[PDB]
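Worksheet: the structure to be examined is printed underneath.
Computed over heavy atoms, backbone and side chain alike; hydrogens, waters and symmetry mates excluded. Order of the sequence lines sets the chain letters (A, B, ...), proteins ahead of strands, with each chain counted from 1.
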Amino acid sequence: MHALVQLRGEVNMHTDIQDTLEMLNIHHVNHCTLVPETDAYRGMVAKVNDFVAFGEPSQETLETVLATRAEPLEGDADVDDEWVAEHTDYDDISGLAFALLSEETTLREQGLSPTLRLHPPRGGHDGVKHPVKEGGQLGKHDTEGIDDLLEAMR
Amino acid sequence: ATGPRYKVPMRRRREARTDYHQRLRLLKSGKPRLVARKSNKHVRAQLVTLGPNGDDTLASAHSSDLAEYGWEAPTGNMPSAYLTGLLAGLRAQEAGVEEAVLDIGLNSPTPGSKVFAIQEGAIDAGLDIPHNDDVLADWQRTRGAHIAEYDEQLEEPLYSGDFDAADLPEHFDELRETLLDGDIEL
Amino acid sequence: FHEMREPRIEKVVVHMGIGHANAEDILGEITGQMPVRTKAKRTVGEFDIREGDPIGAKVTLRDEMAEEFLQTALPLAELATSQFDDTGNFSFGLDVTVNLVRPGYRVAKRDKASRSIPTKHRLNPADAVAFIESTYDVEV
Amino acid sequence: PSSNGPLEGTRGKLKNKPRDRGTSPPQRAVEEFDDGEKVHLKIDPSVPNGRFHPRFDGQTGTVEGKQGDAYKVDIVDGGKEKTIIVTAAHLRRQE
Amino acid sequence: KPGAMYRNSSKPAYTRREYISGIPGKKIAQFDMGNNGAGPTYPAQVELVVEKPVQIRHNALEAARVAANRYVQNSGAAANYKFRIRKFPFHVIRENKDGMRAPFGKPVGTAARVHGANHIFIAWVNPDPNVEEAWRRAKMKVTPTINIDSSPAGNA
RNA sequence: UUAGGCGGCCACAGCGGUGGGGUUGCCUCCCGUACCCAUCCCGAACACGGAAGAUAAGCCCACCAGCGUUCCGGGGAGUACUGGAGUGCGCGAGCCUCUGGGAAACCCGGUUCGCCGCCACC
RNA sequence: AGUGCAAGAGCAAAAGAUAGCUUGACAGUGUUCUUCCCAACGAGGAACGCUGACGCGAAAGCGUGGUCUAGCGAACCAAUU
RNA sequence: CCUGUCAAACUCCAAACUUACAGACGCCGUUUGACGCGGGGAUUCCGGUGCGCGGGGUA
Ligand SMILES: [Cl-]
Ligand SMILES: [Cl-]
Ligand SMILES: [Mg+2]
Ligand SMILES: [Mg+2]
Ligand SMILES: [Mg+2]
Ligand SMILES: [Mg+2]
Ligand SMILES: [Mg+2]
Ligand SMILES: [Mg+2]
Ligand SMILES: [Mg+2]
Ligand SMILES: [Mg+2]
Ligand code: NA
Ligand code: NA
Ligand code: NA
Ligand code: NA
Ligand code: NA
Ligand code: NA
């Protein structure tokens, strides 16, 4: 399972690429979604490769971001351990996190918005004109790499 | 053979066995084919249908297994062909086959030929087949009369030992008569 | 093995390549059976522009009709060698050609499952000279 | 295009590779299809008759009855519904 | 006319003589120079390598070749060496010589298309590289910057 | 399939070559023209009638790779080309990096001298 | 090679050649595609049927002119069936 | 036999890629009625630029 964050805007981006992000529930910059590692999903992320940051996050990081930026399908309600326990199959954020990571369920299945609306990266990211292997922030990241980004956008 | 661009004919065209232009036309009817084939000594008749991996023969008769019913004469003649046709035709009927189109392969549509005798036989067996009566022999020749008379110009038996000296178109009737009722494999 | 490997005469073609006939008559008597017209192909200067057009006749003789003919034709010829086919044929003379081959030739002349005669089973110039020379005359 | 006939720009699609040259096998010209079956359309360079407009080469339609020995195949050109009269010699069962 | 007009390979390949008439003859005199009777049985083999894809008019080929071979006469008219220009001017070139109306040009010449890194010239010499000099003069009359490369020759 | 008939795929099956096989299931060559039929001339062919002979053709069986073809390993080659991205480089032509694909020639070594279906048959 | 004529395509027991026979280059009426990709638009064209009458063939079958894509023309008026 | 080169109107080969249909996932629709059908009203038929691919042209 990979974490998807749009880092580049819609202006001037191919339409077929924009619709792809939209099918992955991201409609704004800094919006994140969690995607299972399947053939179907893999092709989609490859197509979006140049306007996004993605990678497999650590259990911890996912928990921090889930707690901090997860939302119900509808409403303000904070998604904390109690919420998770009183609304999902799991007993706490950690349990949900693990299930997501092991691709056993999805944010929607558990009554949560498929989108984690992140905050801009505190300290700024590495740039949206170059990929990771060049010092930029676009493309596939290290688990440590994704974690840094996700945590700076916590 | 000569290179990458060289065109090699379909196998059965190489073997000079199948006329594909005639085959297509034959298959147009959507009906089973009455395959009439000859050999120096025998005459074969098959009712073939189309299949996913090749033709399917649903019924057949060979001039050899004619003796199996009382044939004691040569098997490469007119009376032989007719009977083989009738025999295959009967087996055809038993198999639930009601109609067919005559496929004479690479043979020639010569009037009174053996392939047409085969066709006559199959039709009398009950098989409905597109035909033309005045392209068939005049019964007597089918019976084998032309050969009996030929032996009349004897001086030396037309048949080396075989059966009879003056031959028998009567043996023909006895057999046809036989095939038209009961008996095994029919 | 032999008997089915030994040569034999298959047709002798006597033809008079005239250029426009009355010649048939002699061909009929020299051979014994009707002659056949010889149409020509292509338009050419020898005032022979007509495509379909009688310009000679030929006669293909087989069996006895061929022997009974060669039993007078050969004697009227001397030549041999070099003037022989690579397939064991030879033409001399009014032309008189002799096509020679062995027993299983029908295999390449019939309609069903026809086939081209293997090089080995073909008749060589030499194996030809022998057969004929061994029939009322001499080679070279 | 410098002209607008049906065969304009069909040099490739209506030409056989040198080895597929020559009369095609009759088996596929007699194939029978049922209404509802999905068939791929592809003109066979060697078969003159039963063809359809070259623009439809590559389409995959639905057999929906027949006319004479030819079949009536329904396709969708862009957004438009069309019916194509075509013989078995130029059709293939999908899958 | 300047090479500026034809040195680039931005146009389609235009070489089909069955649809193009009035093509000027080539000015290139020979392609095999020196001892063409002998085969490359020499110790040293130097090559003139083009470093950029370009079009070289038959004009430049001839002047480049002449300037090189005419100089290789530091070895003599019947000297022991063989010189080869491996390219031929296949590309037909036009000129629109009315303004931009019906501008398809008329044939005015021919040029050879050389891709960066190909060798246009190859000389065969015994340890006597006067050829290295014949080429300093040759890449002097062709558009691109060039690399003088030696292959069989560890006799440095 | 101790040899047959109708085929499907239509060169992996072609081209060329070697060896083996028949008182019979057989196929052939073969023998022969009163008939049905036949040659713009010839029972050559086509058609019909038939077994004295033969396994030499064909055919069937076993096999050979020199040519052609099919597929595969290794090399060429992750090269050539290319869908997506870049305030990367270059006077420019053009190039480079990241991401997703990815060849052709040719060389060397294997494969391939058909596979499969229905029917008939010591 | 040939197949009337551009170019490209198709074709070998043929779509080519030869021979013989024949007039389907037929009347009537349609389905569909094309003309006009997608996407409306006439004449024209083609493909594929049917009804009727025929030709040839043992027969399956072929023949809705020429192997395929050019060779075409509204209303008003006249002549004609 | 050896040796030197090419093709918009060449091809023994042959991509990336575009494309018909189907299934799967995604997204979407069934009170926000999608897909589609029928009807009313238009405006519009001088376009331009960047990038990729081009054809013409010294540009
Ligand atoms: Cl037969
Ligand atoms: Cl159509
Ligand atoms: Mg909300
Ligand atoms: Mg700050
Ligand atoms: Mg920055
Ligand atoms: Mg043998
Ligand atoms: Mg036609
Ligand atoms: Mg007027
Ligand atoms: Mg009038
Ligand atoms: Mg395209
Ligand atoms: Na074909
Ligand atoms: Na002017
Ligand atoms: Na220079
Ligand atoms: Na005549
Ligand atoms: Na044999
Ligand atoms: Na119309």
Side-chain angles (χ1 to χ4, degrees), chain A residues 23 38 40 46 49-50 129-131 133-134 139, chain B residues 1-6 8 10-12 19 25-26 28-29 35 37 39-40 44 46 48 51 53-57 60 62 64 74 77 101-102 108-113 116 130-132 135 137 141 146-147 149-150 153 160, chain C residues 1 3-5 11 33-37 59-62 103-104 106-107 109-110 115 117-118 121, chain D residues 5-7 11 14-15 25 27 38 45-46 48 51-53 55 58-60 67-68 70 77-80 83-85 94, chain E residues 4-5 8 12-16 19 31 52 84 86-88 90 96 100 103-104:
Chain A
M23 296 181 194
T38 310
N49 176 278
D50 309 289
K129 292 189 176 306
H130 301 289
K133 289 188 180 177
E134 277 184 35
Chain B
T2 297
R5 200 160 189 162
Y6 194 81
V8 175
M10 298 187 280
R11 201 192 82 227
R12 289 214 125 217
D19 176 319
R25 268 131 43 189
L26 247 8
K28 296 261 187 171
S29 64
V35 176
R37 292 308 152 68
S39 184
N40 286 328
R44 166 136 41 189
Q46 297 156 302
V48 189
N53 312 303
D55 292 325
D56 289 316
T57 302
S60 68
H62 189 288
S64 68
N77 43 49
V101 188
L102 174 67
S108 294
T110 302
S113 291
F116 286 145
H131 64 275
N132 189 300
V135 86
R141 186 186 173 74
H146 62 305
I147 195 178
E149 286 194 302
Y150 181 38
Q153 308 173 59
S160 174
Chain C
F1 68 100
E3 186 185 66
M4 299 302 263
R5 275 271 307 185
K11 83 178 177 175
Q33 72 186 192
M34 290 187 67
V36 141
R37 304 289 169 167
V59 186
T60 58
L61 300 167
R62 291 179 148 76
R106 171 187 165 66
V107 169
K109 292 298 173 183
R110 49 170 179 178
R115 209 119 326 188
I117 297 309
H121 196 69
Chain D
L7 309 193
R11 190 231 254 293
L14 298 187
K15 175 181 63 164
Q27 190 83 333
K38 290 287 188 174
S46 306
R51 296 186 172 197
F52 51 80
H53 192 292
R55 269 175 191 152
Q59 280 290 316
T60 297
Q67 191 162 299
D77 188 353
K80 186 179 191 187
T83 294
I84 301 179
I85 303 302
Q94 174 175 49
Chain E
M5 290 167 75
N8 295 154
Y14 187 56
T15 73
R16 304 299 299 280
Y19 311 110
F31 281 73
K52 301 189 301 172
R84 294 191 326 190
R86 29 228 311 184
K87 299 303 187 185
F88 288 72
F90 290 117
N96 178 34
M100 277 312 290
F104 194 78

Dot-bracket encoding per residue of RNA chain G, Watson-Crick/G-U cut-off under 3.5 Å, | denoting interstrand: .((.[.[[[))..............(((((((((.........))))))))).(((....)))...]]].]..........

Using the ring of each side chain (for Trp, its six-membered ring), is E:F88 parallel, tilted or perpendicular to E:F31, with breaks at 30° and 60°? parallel

For F:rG68, does either OP1 or OP2 sit under 4.0 Å from a side-chain N or O belonging to B:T2? no

For nucleotides 98-108 of chain F, print each protein N/O atom paired with a nucleotide N/O atom at under 3.5 Å, atom names and distance only.
unit_1: F:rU99; atom_1: OP1; unit_2: A:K133; atom_2: NZ; d: 2.9

For nucleotides 59-68 of chain G, give me one character per nucleotide, 5' to 3': B if any protein heavy atom sits under 4.0 Å from the base, S if the only such contacts are to the sugar-phosphate, - if neither. SBSS-----B

So what does D:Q59 hit on the nucleic acid, given a heavy-atom distance under 4.0 Å: a base, only sugar-phosphate, or nothing? sugar-phosphate

Quiz item: D:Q94 side-chain donor-acceptor pair to H:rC21 base, under 3.5 Å: yes

May I ask you to verify if any side-chain N or O of B:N40 is less than 4.0 angstrom from the OP1 or OP2 atom of F:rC29? yes

If you look at every strand shown and take non-hydrogen atoms under 4.0 Å, does C:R115 touch a base, only sugar-phosphate, or nothing? sugar-phosphate

Sequence-aligned protein contact record of nucleotides 54-59 of chain H, with B where the base is within under 4.0 Å of a protein heavy atom and S where only the sugar-phosphate is: -SBSSB

Syn or anti conformation of F:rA93, syn meaning chi within 90° of 0: anti

So what does E:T15 touch, heavy atoms closer than 4.0 Å: a base, only the sugar-phosphate, or nothing? sugar-phosphate

Is the shortest side-chain N/O distance from E:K87 to OP1 or OP2 of H:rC6 below 4.0 Å? yes

Indicate, yes or no, whether a donor-acceptor pair under 3.5 Å links the base of G:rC37 to the side chain of D:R55. no

Polar pairs (N or O, both sides) under 3.5 Å between protein and nucleotides 119-122 of chain F?
unit_1: F:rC119; atom_1: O2'; unit_2: B:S60; atom_2: OG; d: 3.3

Close N/O contacts between protein and nucleotides 43-46 of chain F (under 3.5 Å):
unit_1: F:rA44; atom_1: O4'; unit_2: C:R62; atom_2: NE; d: 2.4
unit_1: F:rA44; atom_1: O4'; unit_2: C:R62; atom_2: NH2; d: 3.4
unit_1: F:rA45; atom_1: OP1; unit_2: C:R106; atom_2: NH1; d: 2.8
unit_1: F:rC46; atom_1: OP1; unit_2: C:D111; atom_2: N; d: 2.9
unit_1: F:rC46; atom_1: OP2; unit_2: C:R106; atom_2: NH1; d: 2.8
unit_1: F:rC46; atom_1: OP2; unit_2: C:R106; atom_2: NH2; d: 3.3
unit_1: F:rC46; atom_1: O3'; unit_2: B:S108; atom_2: OG; d: 3.2
unit_1: F:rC46; atom_1: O2'; unit_2: B:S108; atom_2: OG; d: 3.4

